[PDB]
Structures are given as C-alpha cells and as structure tokens.
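Peer 1: Any chance you can model this:
(chains A and B, ligands or ions: 4)
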2 protein chains.
Amino acid sequence: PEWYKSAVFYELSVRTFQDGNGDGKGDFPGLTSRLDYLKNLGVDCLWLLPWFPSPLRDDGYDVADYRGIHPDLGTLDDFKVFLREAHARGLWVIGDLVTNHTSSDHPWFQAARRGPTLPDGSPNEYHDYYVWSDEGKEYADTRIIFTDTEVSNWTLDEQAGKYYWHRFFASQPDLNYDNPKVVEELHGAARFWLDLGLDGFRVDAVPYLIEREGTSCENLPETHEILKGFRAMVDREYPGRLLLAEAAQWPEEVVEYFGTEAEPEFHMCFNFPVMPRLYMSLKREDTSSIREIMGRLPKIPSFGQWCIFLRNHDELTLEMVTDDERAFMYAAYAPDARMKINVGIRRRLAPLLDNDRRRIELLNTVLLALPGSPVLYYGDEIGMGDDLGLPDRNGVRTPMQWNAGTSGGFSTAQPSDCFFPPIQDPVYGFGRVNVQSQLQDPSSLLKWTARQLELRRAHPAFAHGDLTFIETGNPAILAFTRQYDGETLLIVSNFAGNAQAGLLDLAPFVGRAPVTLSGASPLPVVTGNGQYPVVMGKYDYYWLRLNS
Amino acid sequence: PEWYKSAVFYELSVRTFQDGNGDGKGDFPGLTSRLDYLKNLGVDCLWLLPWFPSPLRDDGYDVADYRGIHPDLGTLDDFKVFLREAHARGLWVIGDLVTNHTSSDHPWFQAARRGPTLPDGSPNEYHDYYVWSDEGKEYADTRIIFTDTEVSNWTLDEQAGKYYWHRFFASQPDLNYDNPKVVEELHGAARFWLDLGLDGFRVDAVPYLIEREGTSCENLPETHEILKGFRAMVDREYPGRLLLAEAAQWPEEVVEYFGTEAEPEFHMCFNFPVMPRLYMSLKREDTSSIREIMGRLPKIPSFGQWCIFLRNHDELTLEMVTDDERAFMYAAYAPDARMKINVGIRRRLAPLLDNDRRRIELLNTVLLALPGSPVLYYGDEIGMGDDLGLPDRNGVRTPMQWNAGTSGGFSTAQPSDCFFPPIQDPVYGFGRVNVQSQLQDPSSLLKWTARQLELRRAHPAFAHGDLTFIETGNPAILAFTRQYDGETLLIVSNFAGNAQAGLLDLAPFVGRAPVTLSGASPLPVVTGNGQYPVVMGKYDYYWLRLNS
Ligand SMILES: [Ca+2]
Ligand SMILES: [Ca+2]
Ligand SMILES: [Mg+2]
Ligand SMILES: [Mg+2]
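Peer 2: Numbers count the residues shown, from 1 in each chain, chains lettered A, B, ... in the order given. Ligands and ions are numbered 1, 2, ... in the order given. Pasting the structure now:
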C-alpha cells in the first residue's frame, strides 16, 4: 500500500516548536535539532503549518510569497537541511499549500489593486488574479466563515475603488481560479517545493476555490475539476507524493474530494465528520452519533485514506453539525463565552476533557483504532493546555514544552519575549507538563502515547483493515472489528464515566478466542448464538484479537 | 458507633508539614493553617508523629521529655491553640506515645547512668528505670530490629560501666517495665496530654515492653498485661479516647493486642499482615495471598477496629513474610539495593508503583474497601516521591508539597535550609506535584482521593460491614462483599495490568441487580446458577451494591 496509508502524522507550527537562535521565534534549525524526539515518538510524517513570508494576520495562512521561507524561520538553506535531516530519519514531510487566497501584501494583490489598467493605459495583468465587483452584490447569502470578524465576504479596496472577494479575513483576498494564469501559478508553487523533495501538501480550504452565482460557493464541480488538475500534475510529474485535503463539510460532500478511480483527486481527506461526534458521545455517554456519521461516509477509492484527528491548530469546529448538536457542544465544552470562536470552540484536547487522562487515553485509542492514518497535534502527547487570553485561535498554538527551564525549553529568551507566551499556569504550565519530565516518568502520557503507537504499528489492520460496527445493547459501549490479511481485531470502548455492561453480537465469530493485544490475556471463547457479555470500567478500551 | 470506627486517619509529622515562621521547620501554627485542607480532603483524625523535645536521632521517637513540645514545633500554647482549632472543625487528634524507650538525653537516663548510688551515698532512684546487665549475655537470640545499624541489643554505657538494653538505636535505652514507677511515669505522661484534650494515642513498639530469658522478648503475656493497664486507666479516666497499637507481628500475635471483651487492651491495631500482600498481589497478578492473610485473622472484639494502611513514615516492612515472598518483593520493588533497609523497602507509594496512577487508585480503593478505618500517609494524596539521598527512613519524610513556590510552599526558607529538603526532581518535584496545582486540576489525584473518600463515607458498610470473599475463577480478580444495615456492597478489583475475564460466584444473590455506587448505572440482574461473567480492564475497580 501507499506510504501515507501506514503513516502516523504530526502537525506542528515551526514558529512555535523550537527556537534555535534565542529570538523567541521557533525556526527551522530548532525544528531540525528536535527530529529525534519525533522519530522516537513513532511519527512518520510531519505536517508543517505555512512557513512562507507573510505579515501573519492569519498566522501565515496569509501568504505573501509562495516560493520562500518566512525570515522568522531561517532561510531556504535551513529548510533544505531540515528536509534532508527529516528524510534521513525516515520522516516524510508535507507542507501547507494555501490555494484559495493570498495575503493582501502578496505582490500580486499589490499589483491587482491598481485596477484594470496601469497608469499608462496598459492592461494590469494582475488585476484578474483576484475576484472584483462594482457593488459587492454577487454571491449573496453565501456563508461567512470568520463570523466573529467579518460581516461580509466582499470588502471595498480604497485604491481600486471596487470590492474584492474573500472567504476569510479581508487581508486574505481570494484568488481567481477562473483565470488560467492563477491555476498555473499554483501548479508552479507546488512544483517549486516538490522539486526540493517535499513529500506532498496538506491543501488548505479546498471547498472554496470557485464561486458560482446561485450556489453556496462550496464544493462546486468546478472546484473539484481544478483539484483533479493538481492530482494529475502530481501523478505525472511527482509519482508517490501526497495530496491531503482540508474539507470541513458533511460526509457526502467530503468523500467527493477523493474523486474516482477514473478521475482521482485527493489521496487523503481529514475525517471532519467523526471528530465532533467523539466529544459529543463522551458527554452523552452514548456513541450512536459515531456509528451514524461513519455510516454516512461512502466507500472511498482504492488509493484513498482517511486522515483521523482529535484536534488541530484551529478551533474545534461545529459548523457541520445540527443547531441542537452545536448548542449541546457549547453547553458541554464551552461554559465560558471566551471559549468559543467562529462557530467552534478554541480549546485544547486536555482542557476539553478536564485534564482527565482516562478520557484523553480513551479518545486517543479511538483516534488510533478507526480506519485511517492518524494525526497528532503537537504537544497533545504530553497533555498541553491552552491560553484563552491570546486572540483568535492562537491560544492552542503556544510553544512546545520541552522542559522546566527557561520558557519551557522552547527558547533561551524569556517567556514574555516569545512569539506566543509559553503556558505557565499551575495545571498545564511547563513546570508541570514537559517532555523531559515525561521521558523520566515511567507512567507518563508521552510514554503511553509512544507505546500505544508501537502497539498500533504491530497490527497493520488498524492502518489497512475494513471496519464493521458490532451491536452491544448499550449505547455507552462502542464496538467494532477491523479485519486485514488474516487478522481480526475487536475494539471495545466505554464512553461512560462509570462501569457498564454490554452484550456484544459476535454471531459471526462462534468458536473464536478473544485475546488482549497486550499480553494475550484470554477471554471466554465465543459460543452458542455468539451473544457475548462484557463489563467495562469507566472510559475503558479493550483492544483484542479474535484468534480464528 | 465508636467515632474511631468511622474515621479516616491521616498520618503527618509536624516538623515536615507546614513551616509558619520561615526557620525551615514545620510547626504547630503552620499545621493549624492547613486544617481546612485536611477537613476538605475528608480526613477525621490526625495522627501526629512525636512532637516532644528530643535530639531527633530517631526523628523524635527518642523522647527526652514526655510533657513538652519540641522547640522546633513552637510552644505548648501553640499546641493548645492547634488542638482547639482541630476540634472546632470536628477533627480528632491523636499523638504518638513512645512507651518502650526514651532518648539517652532524657534526664531519667542521664540520672540512671550514674549508677546505683549517687555521689552523696544515697541510692539513685532513676537507675532501675532502665535495663542493666554486667555482661550483656541475657536475652541472647533476640532479633535485632535495626539490622542495618545495630550489632547488639546491649550497649556498654561508659559511665555506668554496665550494659543497657535497647531494641532500637543505642541512643534509645529501653525502659524497665518490671519497675512499677516506670509504669506510673507513662500513665502520668499519657494523663498529661489527655487532660489537655488529646483524643488518644498511637502507641509505638508495643510488642517489646517486657523481656524474659528463654523467650523472644516480643508479645509476652506480661507486656499485654501492662497494655491492659493503659486501657483500664483510659476507660476509667478518659472514656471515648483511642488507643491504637503499632504491632508489626504475625496475624495471631497482632489480634492478641485487642485483648478481650472482659479484658480490653487496644481499640485499634494496624493491619500489618495485609499491607505487604497488596503490593505482592499486584506484581504477581494473583490476589490469593490477600484472601489467605485476611482469612488468618481471628475475629476481634466488639470495640475493635483494624487500621488499614498502604505506607507510613517507615520502610515498607517485609519482616513478617516468608523468605520466598521477601525475595519476590525485593526483586519487584527494590531494584536498587539502597532501596532496602531493616528487612523492608524504604520508598513511597507512588515510586513503588512506577508513578502509575491507575495502580495508585487501585490500591487506594482496596485500602478504602477492606474492613477497618483507613490511614493516609501525608503527601500520598498528591503522589509525592522520595529522596534516597537522605539517611535511614527520612527519604519518605520530605516536606509536604503545597505549591510551586519557594520550597514547595512548605517554607519561605530555601530548600537547603529546610529540616529535610523538599523534593525537586523532574518527576516528583514540587514544580510538578503540589497541592495548589491539584486543587485547580479537575482530574487530579487529590480530587480523586477526596471524591473516593466521599463515596466511601456515603456507604457505612465500608467502615462497619462484615467481609466475605467471592470466587472469581481468576486469581488476578479479587472480589468481596461488605454487608451492613440492609446494604450489601460488591467490590471487584483487577490486580493485572491488562484486561481479565472473570466468573463471579453470586449464587446467593440470584434475582438481584448489581448497580454502580458512582452514578447508579445498573448491571444485568443475577440469574440461573448465579455464576456471573465479568470482564475488567487493567487495574479497574468496580464499586457496586447489590440491590434488593
Ligand atoms: Ca475562492
Ligand atoms: Ca522493652
Ligand atoms: Mg528563532
Ligand atoms: Mg517553623
């Protein structure tokens, strides 16, 4: 199978991982100096947030130059050294390709805003790189994504005297994919990095490329067409590289981003649909929403693999759940107003779960056991918290906590000189939560996570198996099998905070002998009608093999 | 009904708990400021280590004055205010009555060593307070308790020109209980504290009062007779006060220390027999030793209550297990030979259990679920570590860790000026393990402990019920009922580190449903032959009641 199917991904922000030069900003030399940590954790692929020059109004997702390294992060040479060192350790690396929009500081937009013709009457070739309007009335009733900042998807530019489209901040003007030149520019950006040996891209905001009058301006066939263009380019010119889509949409919309066997699109898509139902099922002590949303996911192509995740650098998005699920989620996971942003919840995993290690482990087990390749958000493996005093979504992007020394080991500069301040509170601060402590503590979360990955790695059915949900007679207990190449796994998870009984329907496995993956402790052989009783402790996870 | 049967005890050392004035030494005004913490935790009775003037060669168990407060700890006025403040909050307080021996700095012994006659020719009345010998040849083949330090139970006093007896350090000369004045002096010392309102005593080293030639000089009938005299004195003069015995002896010798209905002795005795079997069963993944040692304990009198404990200010003693068991325990729990002392292991609870919170909870639940009144060792409720850099047993006696401030909040004195240095290592240090963190952390060990005590408190069967072991079909799974006043609890505990299947013998409860004590979730009703299948995750504890 393709490499990305067997990978474990790790998401990090270079500016926030390791400062290698004392200026309070993370950088590539710093990242390079920490690759053994990632190697030894059990990670195979690093996904780096945007590393491009940018005034950072959306933390680098406002790109000013696609073919450069932001000066905070070092130089292109540093980037090539990093990539060489990552590759030498068996780490693949993917970048973040921001296709839908650029910074307003990008030279193209600086050019475009002069208007349709240059001062001397000549056509301004860059004007058409962006999406302009006389009165900002096209595409009405299309949704606003950054609901807490933007009141419209059109903003008046003072210099051009016309409106320009933007699905995100006003400082992120949308690119005009009806202009063939724009398409070519982004194929070119992609080539630049793939020519350096980058293993692929996470592609940002894929559903919003094309706008059409009388549509939602999301998931349009025309957008898919373009994305297939990217795939074909990579298949012809860079065989084996990964395209991974950020498509935060309903199940049936998301699965379209894989394309077809005849017309391939992405290799991978994040499982956005399952992610909120994990947190919901935990609070409701009822896992039906997980089965229901997985059941709405169509079959994907041969080459396709889901990318499973718990959290990421953004808020926990609630955009694609119902109004009642959303309200439930806010009540359960955002009791203070400042915890919410833009139709979502800007908190880290450990805080979301009351720092309850039994729950954190539970959800990580499900992360690793569902069909796909999992992605860890940096620092969740040590139980980092958040800083909701920081604006926007920056409170989940505080510096990695390496040790208890100056600024959590992130930098030799003092905390208050760090790009974002390293967490110091009594619960989650680097005094208490840091890699070094957890390397010495035999029972740490760091250790637990590396061990759980090693356990996953010893059973390829987690990465490659099919999935079948098993009836349990108790909504609190989730059970499924993963089968691949002669091994059947049975995964049984209790989402309730107290002990629970179930009656598993193991009819198809009469005469099979369940044993724990860890140590092969035997459970009773399945007999009779195969209705198999279980009890589980609070937040328990049973990882089993059904010997044939 | 008697208060001590319903109490949760907490063992602490005043010198090591809270320093109020900043000299590096814990004191009474300091302890007084922390009474709300102990109350809120769910503690009812404080047992304080010896608070008496002493040169501290055995950390205060070498008493130089039975009727004062050691200057380190404040004044007798401080003690009274402390006692008033504890009672004001509905706490009980017991002290540590050191009956077997005094410090060699005690004036009695300073007098005694001058010999039978004073310089004025008069007889020396203090000489017979201690146990003298011309050649130290009596009582040979008595066990030496401090095996790592002492070569003999006799030591030649150079002034007296004679040998004196000591079961502990040579600086702890044994008192002569065949002298009736000695008995009266210790009745008087007891009176002194009981008249101030002290609620009782923990009585130190009770098996060793009387020596007799041709015996082991432990547990002799004459020693029990003396102890019965303390009980009579208390029952007549101070009804309701507690006498708790430290007798580290085999089951049938320990039970002797309760006395009988007709001839009462101690109200409570520490359950030394079960303590080492908890740890051994965890590492063996086999609980049969717990059932065997509990089964070997005779019924105790009506007024009697066991005091159950996991650890204390001493080493985990292995003196009263078999050679095979001892070798097993050393291998499992003393990987470094420095961790051994006096036929036991000088480590704290959390380190012993590899800081595994799942195991720490399991053993704590077992401690709370077995018959008796539990005693918690200060700092175990936050997961304190140990410091083997300190001599003797002092490595488990480091200052309590309140916050991440100056010396873990124990003192404004620097760590190196504290009586014992606060732990500062990366795993257990005060930056990582402290009260204030755990008060803010919704899922801390501290909160967990408070909540589990609350749960225990809501079910009087734990404090007062009978006990009946239940067949499980799996030695890893321990199961028992506790029955009292119309309620039957069912407590099931997995001592293995992976999932285990069981088949519980619940034939006596066909037609009843087990339900969780926590959150009232019912489990399937018992039916048919009452053989009840369970599965348990690693180190799970199921606290259930059996409904009608
Ligand atoms: Ca667009
Ligand atoms: Ca004696
Ligand atoms: Mg830097
Ligand atoms: Mg002091």
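
Peer 1: Quick one: residues contacting residue A:408.
Peer 2: Neighbour list for residue A:408: A:399-402, A:422-423, A:430, A:434 [criterion: CB atoms under 8 Å, 6 or more residues apart in numbering or on different chains]. Any C-beta I mention is one placed from the backbone N, CA and C, and that applies to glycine too.

Peer 1: Name the SS class of the residue most central in space within chain A, please.
Peer 2: Nearest to the mean C-alpha position of chain A, by CA atoms, centre = their mean, lies residue A:312 at 5.0 Å. What DSSP: H, G, I helix; E, B strand; the rest coil gives for residue A:312 is coil.

Peer 1: Dihedrals phi and psi, the nearest residue to it once chain neighbours are set aside?
Peer 2: Nearest non-adjacent residue to residue A:312, counting by CB to CB, 6 or more residues apart in numbering or on different chains: residue A:377, 5.5 Å away. Torsion angles at residue A:377 (phi, psi; degrees, to the nearest 10) stand at phi -90, psi 140.

Peer 1: Kindly confirm whether my reading is correct that residue A:377 touches residue A:314.
Peer 2: No: using CB atoms under 8 Å, residue A:377 is not in contact with residue A:314, being 10.0 Å away.

Peer 1: quick one: which of these two has more around it?
Peer 2: More crowded of residue A:377 and residue A:314, by other CB atoms under 10 Å in any protein chain shown: residue A:377, with 21 against 17.

Peer 1: Is the more buried one bridged to anything, and to what?
Peer 2: Residue A:377 forms beta bridges with residue A:11, as assigned by DSSP bridges.

Peer 1: residues in contact with it?
Peer 2: A:11, A:309-313, A:349, A:396.

Peer 1: Could you check which helix or strand contains residue A:328?
Peer 2: helix A:323-333 (DSSP states H and E).

Peer 1: Mind checking if that helix is in reach of chain B?
Peer 2: No: using CB under 8 Å from any CB of the partner chain, helix A:323-333 stays clear of chain B, with a minimum separation of 13.1 Å.

Peer 1: Just list what the next helix or strand after that helix packs against, helices and strands only.
Peer 2: As assigned by DSSP H and E, the chain's next helix or strand after helix A:323-333 is strand A:344-345. Helices and strands touching strand A:344-345, by 3 or more CB pairs under 8 Å, 6 or more residues apart in numbering or on different chains; DSSP states H and E, are strand A:316-317, helix A:323-333.

Peer 1: Would you mind finding the most buried of these?
Peer 2: Comparing those by mean neighbour count (mean count of other CB atoms under 10 Å in any protein chain shown), strand A:316-317 ranks first with a mean of 21.

Peer 1: From the contact counts, what lies against it?
Peer 2: Where contact means 3+ CB pairs under 8 Å, 6+ apart, strand A:316-317 is packed against helix A:274-284, strand A:344-345.

Peer 1: okay, these in JSON lines with distance to residue B:99 and mean neighbour count next?
Peer 2: JSON lines is the format used below for the helices and strands packed on strand A:316-317 (distance: least, CB to CB, whole Å; neighbours: other CB atoms under 10 Å in any protein chain shown):
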{"stretch": "helix A:274-284", "distance to residue B:99": "56", "mean neighbour count": "21"}
{"stretch": "strand A:344-345", "distance to residue B:99": "62", "mean neighbour count": "22"}
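
Peer 1: so which of the ones you listed comes closest to ligand 1?
Peer 2: Closest to ligand 1 of the helices and strands packed on strand A:316-317, according to CB to the ion: strand A:344-345, at 20.9 Å.

Peer 1: Make CSV from the contacts of residue A:377 and add distance to residue B:547 to it.
Peer 2: Output for the contacts of residue A:377, formatted as CSV (distance: CB to CB, whole Å):
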residue, distance to residue B:547
A:11, 49
A:309, 42
A:310, 38
A:311, 41
A:312, 45
A:313, 49
A:349, 38
A:396, 45
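
Peer 1: which residues touch stretch A:153-165?
Peer 2: Outside stretch A:153-165, the residues touching it (CB under 8 Å, 6+ apart) are A:112-115, A:130-136, A:139, A:142, A:144, A:166-167, A:170, A:173-174, A:211.

Peer 1: Go through the helices and strands packed on strand A:316-317 and name the closest to ligand 2.
Peer 2: helix A:274-284 (60.1 Å).

Peer 1: Can I get the closest one as PDB, trimmed to CA atoms?
Peer 2: Extracted in PDB, the C-alpha atoms of helix A:274-284 (Å, rounded to 0.1, in the frame of the first residue of the first chain):
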ATOM      1  CA  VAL A 274     -16.500  12.000  13.000                       C
ATOM      2  CA  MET A 275     -14.400  14.400  15.100                       C
ATOM      3  CA  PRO A 276     -17.200  16.400  16.800                       C
ATOM      4  CA  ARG A 277     -19.300  13.200  17.500                       C
ATOM      5  CA  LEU A 278     -16.400  11.800  19.500                       C
ATOM      6  CA  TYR A 279     -16.700  14.700  22.000                       C
ATOM      7  CA  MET A 280     -20.500  14.500  21.900                       C
ATOM      8  CA  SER A 281     -20.600  10.800  22.600                       C
ATOM      9  CA  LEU A 282     -18.400  11.200  25.600                       C
ATOM     10  CA  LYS A 283     -20.600  13.800  27.200                       C
ATOM     11  CA  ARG A 284     -23.800  12.000  26.300                       C
END
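
Peer 1: buried set for the helix or strand following it?
Peer 2: With elements assigned by DSSP H and E, the helix or strand that comes after helix A:274-284 is helix A:288-295. Neighbour-count burial for helix A:288-295, with 16 or more other CB atoms under 10 Å in any protein chain shown as criterion, is recorded at A:289-291, A:293-294.

Peer 1: I'd like to know which elements helix A:288-295 is packed against.
Peer 2: helix A:274-284, strand A:468-470.

Peer 1: Out of the ones you listed, which gets nearest to chain B?
Peer 2: helix A:274-284 (13.6 Å; CB to the nearest CB).

Peer 1: Now residue A:533, what are its backbone angles?
Peer 2: Torsion angles, degrees, to the nearest 10, at residue A:533: phi -80, psi 150.

Peer 1: is it true that it touches residue A:505?
Peer 2: No: at 11.4 Å, residue A:533 and residue A:505 do not qualify as touching, with contact defined as CB under 8 Å.

Peer 1: before we move on, the earlier item: can you redo the contacts of residue A:377 as CSV with distance to ligand 2?
Peer 2: Formatted as CSV, the contacts of residue A:377 follow (distance: CB to the ion, whole Å):
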residue, distance to ligand 2
A:11, 68
A:309, 68
A:310, 63
A:311, 64
A:312, 69
A:313, 70
A:349, 60
A:396, 65
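
Peer 1: got a winner among the residues you listed for most neighbours?
Peer 2: residue A:396 leads these on contacts (other CB under 10 Å) with 27 neighbours.

Peer 1: Identify the residues contacting the closest residue to residue A:316 other than its chain neighbours.
Peer 2: Leaving aside its sequence neighbours, residue A:316 sits nearest to residue A:345 (CB to CB, 6+ apart; 4.3 Å). With contact taken as CB under 8 Å, 6+ apart, residue A:345 is in contact with A:315-316, A:318, A:329-330, A:333-334, A:339, A:352.

Peer 1: could the residues you listed go into CSV alongside distance to residue B:219?
Peer 2: Shown next, in CSV, are the contacts of residue A:345 (distance: CB to CB, whole Å):
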residue, distance to residue B:219
A:315, 68
A:316, 65
A:318, 69
A:329, 65
A:330, 66
A:333, 61
A:334, 64
A:339, 63
A:352, 58
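
Peer 1: Pick the one among these closest to residue B:56.
Peer 2: residue A:352 (49.4 Å; CB to CB).

Peer 1: At which residues are the helices of the stretch 401-548 of chain A located?
Peer 2: Counting by DSSP state H, counting those that start in this stretch, the stretch 401-548 of chain A has helices at residues A:435-440, A:445-457, A:461-464.

Peer 1: list the buried ones in the first one?
Peer 2: Translated: helix A:435-440. Of the residues in helix A:435-440, those buried (16+ other CB under 10 Å) are A:435-439.

Peer 1: Just send the residues you listed back as CSV, with distance to ligand 1 too.
Peer 2: Converted to CSV, the buried residues of helix A:435-440 look like this (distance: CB to the ion, whole Å):
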residue, distance to ligand 1
A:435, 40
A:436, 45
A:437, 45
A:438, 43
A:439, 45
